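# Close look at the chain arrangement
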Amino acid sequence: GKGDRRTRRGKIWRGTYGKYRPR
Amino acid sequence: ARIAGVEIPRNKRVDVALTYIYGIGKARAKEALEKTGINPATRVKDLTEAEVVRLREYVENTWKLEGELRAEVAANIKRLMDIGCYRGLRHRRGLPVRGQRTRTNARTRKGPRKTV
Amino acid sequence: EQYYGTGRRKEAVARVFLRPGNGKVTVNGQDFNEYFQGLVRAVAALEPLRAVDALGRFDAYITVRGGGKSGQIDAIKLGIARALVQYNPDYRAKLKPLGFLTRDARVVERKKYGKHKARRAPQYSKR
Amino acid sequence: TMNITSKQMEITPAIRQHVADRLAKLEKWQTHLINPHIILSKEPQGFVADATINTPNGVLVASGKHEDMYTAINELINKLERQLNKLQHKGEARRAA
Amino acid sequence: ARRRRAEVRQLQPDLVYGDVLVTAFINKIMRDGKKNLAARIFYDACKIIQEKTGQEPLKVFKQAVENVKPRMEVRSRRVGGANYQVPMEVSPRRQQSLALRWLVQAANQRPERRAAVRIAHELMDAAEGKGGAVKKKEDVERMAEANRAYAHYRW
Amino acid sequence: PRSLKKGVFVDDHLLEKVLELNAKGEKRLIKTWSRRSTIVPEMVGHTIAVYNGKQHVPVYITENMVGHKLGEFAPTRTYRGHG
Amino acid sequence: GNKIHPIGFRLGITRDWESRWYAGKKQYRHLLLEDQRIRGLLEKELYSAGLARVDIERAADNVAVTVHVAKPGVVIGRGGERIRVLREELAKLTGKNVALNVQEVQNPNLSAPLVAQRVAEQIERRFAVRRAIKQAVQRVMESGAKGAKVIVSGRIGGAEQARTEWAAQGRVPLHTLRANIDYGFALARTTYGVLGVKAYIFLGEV
Amino acid sequence: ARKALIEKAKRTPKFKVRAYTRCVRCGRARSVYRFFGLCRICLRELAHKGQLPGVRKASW
Amino acid sequence: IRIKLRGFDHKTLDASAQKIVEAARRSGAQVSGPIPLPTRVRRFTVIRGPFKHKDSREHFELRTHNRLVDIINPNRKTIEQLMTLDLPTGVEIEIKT
RNA sequence: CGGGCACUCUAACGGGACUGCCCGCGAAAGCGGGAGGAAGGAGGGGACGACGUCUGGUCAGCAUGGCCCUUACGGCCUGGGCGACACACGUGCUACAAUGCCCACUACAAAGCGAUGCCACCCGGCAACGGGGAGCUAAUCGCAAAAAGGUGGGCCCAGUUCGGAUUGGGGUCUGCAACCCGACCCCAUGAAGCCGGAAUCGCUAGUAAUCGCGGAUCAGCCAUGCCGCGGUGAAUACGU
Ligand SMILES: [Mg+2]
Ligand SMILES: [Mg+2]
Ligand SMILES: [Mg+2]
Ligand SMILES: [Mg+2]
Ligand SMILES: [Mg+2]
Ligand SMILES: [Mg+2]
Ligand SMILES: [Mg+2]
Ligand SMILES: [Mg+2]
Ligand SMILES: [Mg+2]
Ligand SMILES: [Mg+2]
Ligand SMILES: [Mg+2]
Ligand SMILES: [Mg+2]
Ligand SMILES: [Mg+2]
Ligand SMILES: [Mg+2]
Ligand SMILES: [Mg+2]
Ligand SMILES: [Mg+2]
Ligand SMILES: [Mg+2]
Ligand SMILES: [Mg+2]
Ligand SMILES: [Mg+2]
Ligand SMILES: [Mg+2]
Ligand SMILES: [Mg+2]
Ligand SMILES: [Mg+2]
Ligand SMILES: [Mg+2]
Ligand SMILES: [Mg+2]
Ligand SMILES: [Mg+2]
Ligand SMILES: [Mg+2]
Ligand SMILES: [Mg+2]
Ligand SMILES: [Mg+2]
Ligand SMILES: [Mg+2]
Ligand SMILES: [Mg+2]
Ligand SMILES: [Mg+2]
Ligand SMILES: [Mg+2]
Ligand SMILES: [Mg+2]
Ligand SMILES: [Mg+2]
Ligand SMILES: [Mg+2]
Ligand SMILES: [Mg+2]
Ligand SMILES: [Mg+2]
Ligand SMILES: [Mg+2]
Ligand SMILES: [Mg+2]
Ligand SMILES: [Mg+2]
Ligand SMILES: [Mg+2]
Ligand SMILES: [Zn+2]
C-alpha cells in the first residue's frame, strides 16, 4: 500500500499531499 | 456485453464493476454514479434497466472506451515510432521509456530473463 | 484535602491529584473511559488503589504529557501509588511487594552508527 | 552463475573462459559450487588470483601467486581442490567409536 | 547461554482474568507488537466459545493447553555416524511454550476468515482432543515412543 | 515538463537564425548545440543539424514533431545490441 | 591506525579551546576562516621563535591574539620593533582591532609542540633518530615531566623500507581523562621524504 | 584539475545554479558543511585540535 | 529590562549570569533570577577515515547554551555600572525592553 | 487575564550504590540469598580501541620523495557521458493479503530545523501548486499532520476494493535550461508476484518485529540511502 500513489498510506510514505491526502 | 461493450461483474457493487471497463478507474466510477444519481453500493444484479440505459448513455458518450481507447494509444505510439524521437526508439526495441535504470531490473519491458 | 503523586514512563509524565469522592477519574479534561477508549492496557493504571481497597474512595484529576497512550497509563500507575503512600505511610506494605512504588528505567536505546537500529546489524555477505 | 573480476587489468573473453575451464576441476566432487567469484590482479612480483566459493558444507578461500598468470590460476585451483577435498571428507574421519 | 542458566521472565497477569498463562497466549497471537489487536482476538474468541458452548472460557482455554502439552519429545544427537532420534522428557517451561505455539499455528491454518473464529474454534477442538494442534502432540509423542530403544543415549 | 506560466523555451540565438531564413527564403543547413530548444511551428520545413556530443545529425522538421525538443531526434548512444 | 587524538579527547575536561568566542550562524565560518589566516601567518613567521599555542579571543569587531613562545624576544624585537611590525600587517588582513600579546613559556622542554619541533629539526639535519629520540625523552623527563613518549614514522635515516621507531619513559596513560597530556606534531621534510614526529608529555593528573 | 577548480568555484559564475560549495581550507568539493565552510575531514581535523569554537565530541 | 545571554561554554555563561544578577541586585533593586533556556545542539557526524570505511563515524556537537535575566526595578544607578563589566570572551549579551 | 513557582518542565551544581548491612560457604579474593532502596552486585546505553598483524586502505581530501607531461598529460568553453543493457552478484524498498485493504471522524511523542528562511490564516484549483498576507533574529512564531492506534462504515477469499510496475494524455515547481536525465500532482492503463531451490543474515529487554518524525548534503532531486528521535512492544536460552 505504501507504494500506491493513489492512496492515503502511499502519500504518507512519499511525504506529499494531494486529493487523496489533503491538508 | 451490456456496458460499454464488455460485461460488468454482477453481484458486485456498481462503482467496482464499472472499473472492469478499459478506461474507467475509481475516479470515473464515482463520476458516472453522481451524474445519474445511482447508489454506488447497489449491486449490478439489482440495477433497474432504466438506471442501466441512463448509465450506459452517459458513460458511452463522455469518455473513449475499449477498442477506441486502444487505437489512439497505439496510434500515439505509432507516431512516436514514426517521427523517430527518443521515446519512439524505446518502443521500437522495447526498452523502458521514462528514464529508468536498464543495467539491472527493467524486467517488465524486457520480459523474463534470457540466459546466455 | 488533596493528595498528589508523580509518575513517569519513557517520555510520558503524569500529575495525579487524589481527592475523596465516589470514584470518578478525569484525564486531560475528559473522563477516563473517554481518553482510554478501546485500550485494553487502561484498567491496569487503577491497580495500586485496588491493592489497598481504595477503588471508589477517591476521585482523580490527572494530567499527562509525553510518550504514547500506554506509557501514560503506566505513568498514572506510579503517580497514584505515590499519592497513596503520602495518603498513608503504612501503605508501603502491600504496594512495594507488588512493585507499584518503583519506576522502570526501560527507555528507548540509542540508535548507533553502523547499525540499522539500536542493535539490528546490516545484513552482510561473507562469500 | 560464475563471476570473474579483473582488478586493474584487462583480460579477454578467451582468458575468462580458461578460468571457467580450470574451475571445472572442482566439479569433480559432485557438489554445489555457489557463485564462485574469481579475482585477478598484478603485483610487482607476479599475478595474484583470489577465489571465494561457497559449498553446502562450508566456504573455500585461497590465493595463488606466480610470475605466469595461468600458473597462478593453477596454484589457486590446487589450493581450492585441497580445501574442497577436506570439507567433503572431514566428517567421515570420526565414525568410530 | 555459556555462563549461567537463563532466567525465566515473569509475565504480568492479564487485566480480564488475571492469569499469566493468558498473557503468554496473547503474545504468540501478537504480531508486530500490536498487543491491543491481539488482545481483542483472544477476548473476542472468548465471546465466540461462549456463544457456541455455554461454559466458562477460562476452562476451555486451560483444558486445551493440557491436551496439547507434550510429555515426551525427540531431540537429535548424531552418535558415531548416523543421526539418532533421542527421546527426552519435556520440562514444564517448554511444555507451555510448545502448547501455546502449536495452538496458534494450528489456528491460523484453519479455513474460517476472521482470526477470532480461528482462535476460538481451535480451542473448541483442542479442549476436546481434536484439531491440528493435538495431532502435533500425538505425532511428537508417537515419534518418541518408537525411539524408546535409544533412551539410554539421553544426556 | 516546463511551466505554462513561463514561455516556450528557445535559445534565442537559435530562433534568430530561424526567422532570418523565413524572410529571405528557406532554407540553409543550420548547425546548432541547442538540444534544449523546443521545436516551433516556424521551424517546420527546415533542416537543422543537432549536435549529439560528436556528430551534427541532420533532422528535417515536420508537422507532427512540433511539441518536442531537438535532442530527441539526434540520439546520443550508439547501441546495436549484444551478441 | 586506531588511536584517538589526545587533545580532542580532552576538550572541556583537561584542555581548553584555542579559539574561544561565540558567533552566530551567519558569522561562524567567516570568523573561523580569519582565525586560520591568523595562525597561518603566525605559524610561518613565529616558527623561528618557538611557537607553541595560538589563542584567539573575539568580542565584536575586535580580536586579541595570545602567542605562547619559548623565546619572546624574537617575537617582540628591539623595544617593540617587530611587535609593532606584526600588529601592522595583522590588522592589514584582519581589517579590525587586532591586539597582539606575547606569553612566556615557563618550560620549553615541557611543551609537546616544542619537543616535536626540536626532534623534527634534528632529524632534518641528518641526525641519528634512534639516538635523538632517547635524548628528547631524556630532556623532558629531566625537566620534571611524569611521563614521555616520542614517535617518528617514515624513512628513518633514509631506508627504503619504512619503519616506526619510538621511545617512552615514565607514565603515559592515554585512556585516563583526568590526566593532563600535552600533545604536539611536527613535520620533518627531508630530501627523501616526510617523517611524522609525535610528542606526548604527561605533566600530571588533576 | 585542482587549483584551476578551487579558483573556478571562487569567482562568480554565469548562472546562480553553477554555484557549489567547496572546502575553504583544502578545496574538497564533497561533504562540505555550510556552517563551517569546511569538508568532513577538515571538520574533524580542526576539531581534534580545538580550533573550532564551542565544538566538542558528542556522547550520549 | 531584558538581558539575554548566549554562549558556547556554560561554565563561562553561568559566571556572567551570576555577575549581572549580582550587579543589578545591589544597586537597586528587584532581579528576576537567571533562568536557563533550552540549549540548541548542532550535531555533526563524519566518517573517521578519509576513504571508504562507511561504518565508522565520530560525533561532534556545538552546544549553544542560553540564559535570561530580568531586572524588575530599574533605576539608572544600574544602567551605568553594567556598561563597565568584565564579561568573559565566549559570551554574547543582548539587552532589549 | 489577575495572580502564583507549588507541580510538570527547562539547565547548571550536588546527593545517591560502595557487596555498605544481614544469613551461609570461604584461607583470602570472591560466590549463592535476603533486607533496605528509584536503582544491587559493571544500574542500562555511549565515549574510550594495548604491543602489533594483514608489504590492509587511502598519491583522488591534504601533505610529500621521485619519475614523467610543458602551444599540453596545463587552462577555458559548449554538448555528450558518469543514467548504456543479451547477462551475472551484493545491499535495500514495496508486496504477495482478512492479526488485511479502503473511506470518514478522533486521540498520544521526542529530537531537530527556520531572515532572497520557516510559513500561520484567507482565496483560486480535484490536486500538485499559485495569488494574497500576519508572526517568528525564534521554550514566544512556524515546519506540524505525528503514524501505528481508537470509533464507525464498506470490501467477503477472488491475481480481488491485494500489489502499484510499466505505458498513453494533461498540469505544477525548481532552474539560464528537465531531450538524453529531476521531483510532484491528476485522468487512464493495472504487470510480475499465491510466501520463494541450493544456500544464507539479524537479534538475549524496551532488544527483535512493526509505526511514524527530523537533520546533514541540498536551486531542485532520482533518499527505498545515511545519521539521529520517539510510539507500540514480544519469543526463547535445556546445554557447549
Ligand atoms: Mg504495513
Ligand atoms: Mg490499490
Ligand atoms: Mg477499467
Ligand atoms: Mg525504537
Ligand atoms: Mg566474470
Ligand atoms: Mg578485463
Ligand atoms: Mg576493468
Ligand atoms: Mg586476499
Ligand atoms: Mg591437482
Ligand atoms: Mg508465533
Ligand atoms: Mg503444528
Ligand atoms: Mg485425534
Ligand atoms: Mg583535461
Ligand atoms: Mg592539489
Ligand atoms: Mg549546486
Ligand atoms: Mg558541495
Ligand atoms: Mg551501511
Ligand atoms: Mg523551586
Ligand atoms: Mg555476586
Ligand atoms: Mg576504560
Ligand atoms: Mg598493498
Ligand atoms: Mg605523487
Ligand atoms: Mg597528493
Ligand atoms: Mg564543462
Ligand atoms: Mg561541459
Ligand atoms: Mg552530463
Ligand atoms: Mg537511464
Ligand atoms: Mg555471466
Ligand atoms: Mg538471481
Ligand atoms: Mg534501497
Ligand atoms: Mg488468497
Ligand atoms: Mg489482472
Ligand atoms: Mg500468476
Ligand atoms: Mg487492484
Ligand atoms: Mg509477512
Ligand atoms: Mg537450506
Ligand atoms: Mg549480547
Ligand atoms: Mg526521512
Ligand atoms: Mg532541511
Ligand atoms: Mg532538498
Ligand atoms: Mg528515476
Ligand atoms: Zn577540507
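Entry numbering is not used for residues: they are numbered from 1 along each chain in the order the sequence is written, which may differ from it, and residues without coordinates are omitted. Chains and ligands are labelled sequentially in the order written, the chains with letters from A and the ligands with numbers from 1. Only some chains of a larger assembly appear here, and every value describes just that portion. Neither water nor hydrogens contribute to the side-chain values; these are computed over all heavy atoms in the structure. Residues with missing side-chain atoms are left out of burial classes, side-chain pairs and their counts.

This entry lists X-ray crystallography as its structure determination method and reports a resolution of 3.2500 Å.

RNA strand J sits among 212 residues. The nearest are C:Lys10, C:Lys111, E:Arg113, H:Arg28 and I:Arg48. Sugar and phosphate atoms constitute 77% of the interface atoms of RNA strand J, taking the interface as everything within 4 Å of the protein. With respect to RNA strand J, the side chain of A:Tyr20 contributes an N or O atom lying 2.6 Å from a phosphate oxygen. Here a sugar or linking oxygen of RNA strand J and a side-chain polar atom of B:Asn76 are 3.2 Å apart. Residues are grouped as follows: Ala, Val, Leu, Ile, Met, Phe, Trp, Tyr, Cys and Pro are nonpolar; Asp, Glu, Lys and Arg are charged; all remaining types, including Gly, are polar. A breakdown of the residues in the surface near RNA strand J according to their chemical character gives 67 nonpolar, 56 polar and 89 charged. For this purpose, a residue is taken to be near a molecule or strand whenever a single non-hydrogen atom of the residue falls within 4 Å of it. Think of a polar contact as two N or O atoms within 3.5 Å of one another; within protein, one of them needs to be a possible hydrogen donor and the other a possible acceptor, and neighboring residues in sequence only count if both atoms come from side chains.

A few words now on the arrangement of the chains. Looking at the nine pairs of chains with contacts, the pair that accumulates the most is chains G and H. Regarding chain A and chain G, which are not in contact, the minimum distance between any of their C-alpha atoms is 29 Å. Residue contacts are defined here by distance: any two heavy atoms, one from each residue, within 4.5 Å place the two residues in contact. Looking at chain A next to chain H, you find no contact at all, with the nearest C-alpha pair sitting 25 Å apart.

Note: interface size is frequently given as the accessible area lost on complex formation between the parts. In this assembly, 19 residues from chain G lie in contact with 19 residues from chain H. In this description, buried area is defined as the sum, over both parts, of the accessible area (probe of 1.4 Å) that is lost when the two are combined. Between chain G and chain H, a total of about 1,800 Å² is buried, with carbon and sulfur atoms accounting for 60% of that surface. Interface area lost by chain G to chain H is led by G:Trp17, G:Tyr28 and G:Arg29, which between them contribute 35%. Each salt bridge in this description consists of a side-chain nitrogen of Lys or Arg and a carboxyl oxygen of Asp or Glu lying within 4 Å of one another. Along the contact surface separating chain G from chain H lie zero salt bridges.

Residue and element names in this part refer to chain G. Taken in spatial order, the four strands line up as β1-β2-β3-β4 in an open sheet, and their pairing is mixed. On the outer flanks of this sheet lie β1 (19-20) and β4 (97-104), each paired with one strand and no other. Here the rule is simple: two strands pair whenever DSSP picks up at least two bridges between them. Where helices and strands are cited, they refer to DSSP runs of H or I of at least four residues and of E of at least two residues respectively, numbered from the N terminus. Relative to strand β2 (residues 51-58), β1 runs parallel, the two being bridged by two bridges. For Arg-20, the partnering residue across the bridge sits in β2 and is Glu-57. Running over the sheet, helix α1 (residues 28-45) touches β1, β2 and β3 (62-69) and is turned about 150 degrees from β2. The strands that helix α3 (residues 81-94) touches are β3 and β4; relative to β4, the one it contacts most, it runs at about 135 degrees. Geometry is summarised by axes, namely lines fitted to C-alpha atoms with helices restricted to the contacting stretch, and by angles between N-to-C directions that run from 0 to 180 degrees.

Residues and elements named next belong to chain E. Excluding any residue in a salt bridge, patches collect residues exceeding 30% relative accessible area, merging like charges within 9 Å and nonpolar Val, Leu, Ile, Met, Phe, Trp and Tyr side chains within 5 Å. Areas reported here follow the Shrake-Rupley algorithm with a probe of radius 1.4 Å; residue values treat only the protein chains shown as occluding. There is a patch of nonpolar side chains on the surface, built from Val-16, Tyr-17 and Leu-58 and spanning about 240 Å² of accessible area. Looking at the element boundaries, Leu-58 is found in helix α3 (residues 57-66). Relative accessibility under 20% of the residue-type maximum defines a buried residue, over 50% an exposed one, and the middle range a partly exposed one, all with a 1.4 Å probe and only protein chains included. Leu-58 gets classed as partly exposed once you look at its relative accessible area, which sits at 31%.

Next up on the list: the side chain of A:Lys11. All names here are of chain A. Summarising the element assignment, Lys-11 is placed in helix α1 (residues 8-14). When charges are tallied, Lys and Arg are placed among the positive residues and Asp and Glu among the negative ones, while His and the ends of the chain are skipped. Within the buried core, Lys-11 has no salt-bridge partner, and the shortest N-O distance to an opposite charge, that of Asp-4, equals 8.8 Å. Setting aside residues up to four positions removed in sequence, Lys-11 forms contacts with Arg-5, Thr-16, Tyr-17, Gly-18, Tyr-20 and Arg-21.

Residue and element names in this part refer to chain E. Expected helix span is taken as 1.5 Å per residue step, with the number of steps being one fewer than the number of residues. Under the 1.5 Å per step criterion, the end-to-end length of helix α4 (residues 92-108) is 25 Å for 17 residues, consistent within 8% with the ideal 24 Å. Listed as buried for α4 are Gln-95, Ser-97, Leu-98, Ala-99, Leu-100, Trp-102, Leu-103, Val-104, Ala-106 and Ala-107. Taken together, the buried residues of α4 touch α1 (20-29), α3, β1 (72-79), α5 (115-128) and α6 (132-146).

Another aspect to go through is the nonpolar core. The set of buried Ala, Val, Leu, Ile, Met, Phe, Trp, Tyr and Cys residues whose side-chain atoms join them within 4.5 Å is what this entry labels a nonpolar core. Ranked by internal contacts, the top residues of the largest apolar core, which has 37 residues, are E:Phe25 and E:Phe42. If you list the elements that add at least two residues to this core, you get α1, α2 (35-52), α3, α4, α5 and α6 of chain E. Per-element tally for this core: the top contributor is α2(E), with nine residues. In contact with E:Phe42, not counting residues within four places along its chain, are E:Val22, E:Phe25, E:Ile26, E:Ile29 and E:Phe61. Membership of the second largest hydrophobic core comes to 36 residues, among which are G:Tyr22, G:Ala23, G:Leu46 and G:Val65.

One pass over the full model with this rule turns up 47 salt bridges over all chains. Measuring nitrogen to oxygen at the nearest pair gives 2.8 Å for the salt bridge that ties I:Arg67 to I:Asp14. Here the residue I:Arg67 occupies a position in strand β4 (residues 57-71), and I:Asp14 occupies one in helix α1 (residues 10-26), the gap between them amounting to 53 residues. On the accessibility criterion, I:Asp14 (31% relative accessible area) is partly exposed. Linking I:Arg48 and I:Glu58 is a salt bridge whose minimum nitrogen-to-oxygen distance equals 2.8 Å. Of this pair, I:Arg48 sits in the loop between β3 (44-47) and β4 while I:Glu58 sits in strand β4, and the two are ten residues apart along the sequence. Note on I:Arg48: relative accessible area 28%, which makes it partly exposed. A residue is classified by how much of its surface remains accessible, and I:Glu58, at 1% relative accessible area, is buried. Salt bridges here are not isolated pairs; linked through shared partners, they connect E:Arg110, E:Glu112, E:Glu122, E:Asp125, E:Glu128 and E:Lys130.

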